[PDB]
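Protein chains in written order, with the authors' numbering: chain K, 163 to 192, 207 to 269; chain I, 190 to 256, 258 to 282, 308 to 378; chain X, 1 to 74; chain S, 1 to 120; chain H, 199 to 247; chain T, 450 to 561; chain Q, 74 to 161; chain W, 1 to 88. Read the structure below first, then the notes.
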Amino acid sequence: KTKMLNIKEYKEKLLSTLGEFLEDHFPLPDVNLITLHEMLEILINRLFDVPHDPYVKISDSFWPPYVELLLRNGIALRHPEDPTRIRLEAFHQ
Amino acid sequence: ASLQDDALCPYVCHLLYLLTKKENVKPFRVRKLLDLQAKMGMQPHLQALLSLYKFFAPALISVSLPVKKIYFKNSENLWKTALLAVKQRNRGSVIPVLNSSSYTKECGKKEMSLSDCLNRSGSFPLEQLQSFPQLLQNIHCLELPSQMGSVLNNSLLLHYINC
Amino acid sequence: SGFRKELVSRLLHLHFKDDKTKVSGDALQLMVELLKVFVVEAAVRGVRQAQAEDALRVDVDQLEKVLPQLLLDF
Amino acid sequence: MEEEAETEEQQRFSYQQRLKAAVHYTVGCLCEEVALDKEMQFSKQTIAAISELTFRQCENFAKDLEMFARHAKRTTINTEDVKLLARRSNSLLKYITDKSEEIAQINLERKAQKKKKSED
Amino acid sequence: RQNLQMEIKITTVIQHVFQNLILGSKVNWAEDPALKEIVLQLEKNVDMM
Amino acid sequence: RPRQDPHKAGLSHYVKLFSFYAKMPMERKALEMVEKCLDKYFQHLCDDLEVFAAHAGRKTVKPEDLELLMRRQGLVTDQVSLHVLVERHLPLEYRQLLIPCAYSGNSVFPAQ
Amino acid sequence: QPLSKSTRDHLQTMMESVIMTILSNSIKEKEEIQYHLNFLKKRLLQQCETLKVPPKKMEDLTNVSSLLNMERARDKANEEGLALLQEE
Amino acid sequence: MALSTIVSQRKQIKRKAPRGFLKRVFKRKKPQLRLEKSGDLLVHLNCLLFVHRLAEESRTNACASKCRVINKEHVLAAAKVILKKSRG
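Dropping the structure here:
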């Protein structure tokens with residue numbers, strides 16, 4: 163439990179700081209466009225909920241300059257055959 | 190991340206050669222290096238870095254390298271003459312080769328051991344053992360070679376097999 | 001001996017991506033002989049291949065040999 | 001809805017054969033018009049092969065003209081757009097533009113006739 | 199134990215995602231002390247914790 | 450005592466890159482006529498760029514003219530865009546100038 | 074036993090060809106004529122699929138003519154050769 | 001290795017593009033034009049895809065003739081198809 167307590171405490175601090183960082187440096191952009213922080217949550221969940229098929233289809237909500245930001249730094253990858261679908265990098269493996 | 194830019198690639202490879210430890214090698218970083226190799230081909234400074242990655246994680250990469259040429263060019267740096275002043279201030308096979316224990320240890324494992332989960336003790340890696348004071352502390356727990364004939368010309372392992 | 005004016009327009013409107021696309025009469029007129037030249041040119045090439053093969057008549061096999069070169073030219 | 005959709009698909013399918021039959025009727029006439037001076041006989045399958053080839057070539061032409069017109073911000077295709085498509089063959093380009101000049105001359109003649117009607 | 203196998207994996211992913219966002223934003227993290235100490239902790243493994 | 454034609458300096462870049470993709474030993478006589486192929490491509494490439502620009506009514510050559518050409522070449526299709534092709538074949542430093550990405554307060558460079 | 078899939082493949086194909094030919098020469102009354110012809114075609118497909126025939130082997134209809142021509146050529150060559158040998 | 005035959009390049013040179021060369025060649029042929037600052041890079045991209053096409057087609061011809069060394073008649077045949085395809 164003590165190992166769990168430290169791990170869970172660490173994750174909450176990490177997640178809380180990440181949310182503050184996005185609000186200060188990437189405000190909501192000026207069909208409705210969702211924010212970058214909302215985009216990240218979609219990709220992360222799909223990676224864990226569906227381990228075998230984590231690909232997500234690009235929609236009009238994702239306005240392209242944000243998509244290039246994730247793709248350039250290595251956080252996201254296009255599907256090798258269909259460039260319409262992107263996934264999240266498997267960091268834990 | 191600087192490996193992406195072609196201008197700094199040879200120099201970053203030299204820097205990453207020294208800093209690399211076991212914790213740094215991770216599977217996702219292993220895929221990045223292979224991707225860079227497809228785009229640029231057989232770059233000598235990449236071949237050195239890949240070999241260091243194979244040594245730490247042989248279960249991920251397999252490299253056979255031809256034979258030892260100097261991969262990183264030993265060009266005279268701008269501060270080489272000054273280092274001489276700084277150094278003055280500071281001054282003023309029949310037998311098998313040594314290799315870590317065979318990586319079929321663990322191999323297919325359902326889950327980590329309870330002792331490992333609690334971070335209890337462990338073993339001393341063979342590469343770290345290079346001095347007699349280091350042998351004195353860790354005589355009771357050691358990692359044996361893959362092939363036991365390599366102990367023949369290693370003086371520090373003879374002290375272990377003496378008793 | 002030529003394609004009908006209405007016939008050509010029917011084919012083009014079938015494959016337009018956007019319905020807002022319209023074809024002017026003079027341009028639609030000029031399209032008519034363009035298809036005719038394409039059909040005429042294909043027949044001539046088949047005759048050339050048949051004469052080289054010295055065949056008594058043009059068949060499918062001779063047509064296929066000169067088929068891909070025509071598409072690249074057009 | 002589903003029964004209606006397949007009928008519309010059938011109507012779309014049926015509309016193809018009417019164009020196919022008209023094209024095949026026209027192509028067959030041209031092949032015979034090629035036969036007499038070339039004194040060469042064409043197998044019936046060859047005319048069918050040409051008919052399919054000509055039908056598939058209209059798809060490439062249709063998209064390019066729409067693409068070219070959109071480049072110039074023109075919703076309607078003009079004569080200038082068609083001249084672009086013919087540039088792959090220099091010999092064909094010279095031949096096709098001569099007819100365009102001939103059509104322009106005829107249009108000028110038509111305009112001259114209209115002026116004469118206005119005077120009368 | 200199965201809870202350990204899942205909380206560790208999630209924390210690892212958040213660590214590396216947060217690292218790359220800081221790099222791509224092109225900001226001077228060393229200037230802010232509050233953000234500075236977060237950066238140093240990202241590389242450290244959660245297993246040792 | 451070397452003297453090099455500046456025209457041959459440019460072609461030598463693509464000629465070496467040719468031998469990388471071929472993955473076969475290649476005869477020396479094949480080298481120079483590949484150089485003959487390259488200049489012909491450049492000459493015909495520039496001629497085509499005239500008409501597309503001339504058709505639009507502007508003499509200056511803008512990137513969308515290059516997009517229109519490659520679509521006719523078959524390189525660019527509905528699935529594969531212009532941005533996708535840059536990502537696959539070009540280094541990072543060239544990517545920044547071409548493909549726009551927003552960062553640091555929604556600032557986008559280049560503006561799009 | 075039912076006949077082979079090739080028979081229906083070939084007969085189907087030749088019926089689309091002949092339907093295309095007969096619609097080529099017709100001007101008016103398109104939809105009704107093509108609907109009736111398609112109904113007749115599909116019903117004939119059903120009838121021929123239901124049909125029963127003693128087993129047999131058939132080669133494709135497209136290539137019978139050429140192979141037949143080479144068979145006559147071989148016929149003539151072998152006949153003249155045998156006649157010459159017999160005379161000797 | 002003989003001077004006449006060059007072995008395949010194991011390592012590709014740095015992916016840096018000769019930007020200066022492209023500007024002058026475009027300048028001399030059509031002096032009247034002005035090209036946008038980033039137009040040189042896209043032209044370089046267009047040239048890569050051309051050379052990539054040329055290398056693939058030449059290899060097929062050499063393998064078709066059972067030749068282990070790419071020869072001049074193989075690549076000239078490759079040039080005719082690609083050059084027409086490359087113009088649009």
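Ideal Cβ placement from N, Cα and C applies to all residues, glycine included.
Ignore the nearest five residues each way along the sequence and tell me which others in residue 234 of chain K's own chain have a CB closer than 6 Å to its CB.
260
Looking at the structure shown, is residue 248 of chain I part of a helix, part of a strand, or coil, going by DSSP?
In the three-state reduction of the DSSP assignment, residue 248 of chain I falls in the coil class, being assigned neither a helical nor a strand state.
Within a Cβ cutoff of 7 Å, which residues of the same chain sit near residue 211 of chain I, ignoring the five residues on either side of it in sequence?
245
DSSP has residue 41 of chain S in a bridge; who is on the other side?
X:57
Per DSSP, residue 70 of chain W forms a beta bridge with which residues?
T:475
Compare the beta carbon distance of residue 467 of chain T and residue 25 of chain W with 8 Å and say whether it is the shorter of the two.
Against a cut-off of 8 Å, the Cβ pair of residue 25 of chain W and residue 467 of chain T comes out as no contact.
Any chance the stretch 217-237 of chain I sits against the stretch 196-206 of chain I, with 3 or more Cβ pairs inside 8 Å?
A contact exists between the stretch 217-237 of chain I and the stretch 196-206 of chain I.
8 Å CB neighbourhood of residue 18 of chain X in its chain, flanking five on each side removed:
none
Against residue 10 of chain W, what residues of chain I qualify as contacts under a CB-to-CB distance less than 8 Å, listed in chain order?
What residue 10 of chain W touches in chain I: 230, 231.
Contacts around residue 50 of chain S, its chain only, beta-carbon distance under 8 Å, and the 5 residues preceding and following it disregarded
27, 31
Where does residue 486 of chain T fall in DSSP's three states?
helix
Would the stretch 79-99 of chain S and the stretch 60-68 of chain S be scored as touching if the rule is three or more Cβ pairs under 8 Å?
yes
Residue 58 of chain S and residue 11 of chain X: beta carbons closer than 8 Å?
yes
By how many angstroms is the C-alpha of residue 220 of chain I removed from the C-alpha of residue 192 of chain K?
37 Å
Chain Q partners of residue 21 of chain S, CB-CB under 7 Å?
93, 96, 97
Can you tell me where the beta strand (DSSP E) holding residue 556 of chain T begins and where it ends?
For residue 556 of chain T, the enclosing beta strand (DSSP E) has its first and last residue at 556-558.
Going by C-alpha to C-alpha distance, which of S:73, S:16, S:33, S:6 sits closest to residue 20 of chain X?
S:73
Just the chain T side, please: which residues come within less than 8 Å of residue 69 of chain W by C-beta, in chain order?
473, 474, 475, 476
With a Cβ-Cβ cutoff of 8 Å, do residue 134 of chain Q and residue 81 of chain Q count as a contact?
no
CB-CB under 6 Å to residue 237 of chain H, same chain, minus the five flanking residues each way: which ones, in chain order?
Within the same chain, residue 237 of chain H has close Cβ partners 227.
Using the beta-carbon of each residue, which ones in chain T are nearer than 9 Å to residue 187 of chain K?
552, 553, 554
Among I:190, I:319, I:249, I:216, which one has its Cα closest to the Cα of residue 204 of chain I?
I:190
Using 8 Å as the threshold, is the C-beta distance between residue 84 of chain W and residue 476 of chain T below it?
no
Is there a C-beta anywhere in chain W that falls below 8 Å from the one on residue 195 of chain I?
At a cut-off of 8 Å between beta carbons, residue 195 of chain I contacts chain W.
Residues bridged to residue 254 of chain K (per DSSP)
K:262
Note down, in chain order, all residues in the stretch 519-540 of chain T with a beta-carbon under 9 Å from any beta-carbon belonging to chain K.
The residues in question are 528, 529, 530, 532, 533, 536.
Distance cutoff 8 Å, beta carbons only. Does residue 557 of chain T sit that close to anything in chain K?
yes
Can you list, in chain order, the residues of the stretch 476-507 of chain T whose Cβ is nearer than 9 Å to any Cβ on chain S?
Result list: 497, 500, 501, 504, 505, 506.
Whether residue 79 of chain Q touches residue 131 of chain Q by CB criterion (8 Å):
yes
Rounded separation between residue 258 of chain I and residue 373 of chain I - CA only:
Straight-line Cα distance between these residues: approximately 29 Å.
Could you list which residues in chain H have their beta carbon closer than 7 Å to that of residue 215 of chain K, in chain order?
Residues of chain H passing the Cβ test: none, with the nearest at roughly 12 Å.
For residue 6 of chain W, the residue or residues it bridges with in DSSP
T:475
Under 8 Å, Cβ to Cβ, is there at least one residue of chain I near residue 15 of chain W?
yes
Where the alpha helix (DSSP H) containing residue 296 of chain I begins and where it ends
Absent from the coordinates is residue 296 of chain I, which sits in the stretch where chain I moves from 282 straight to 308.
Below 8 Å on the Cβ atoms is my guess for residue 499 of chain T versus residue 30 of chain W; work out the distance and round it to an integer in Å.
7 Å
Taking the alpha helix (DSSP H) that residue 95 of chain S falls in, what are its first and last residues?
90-119
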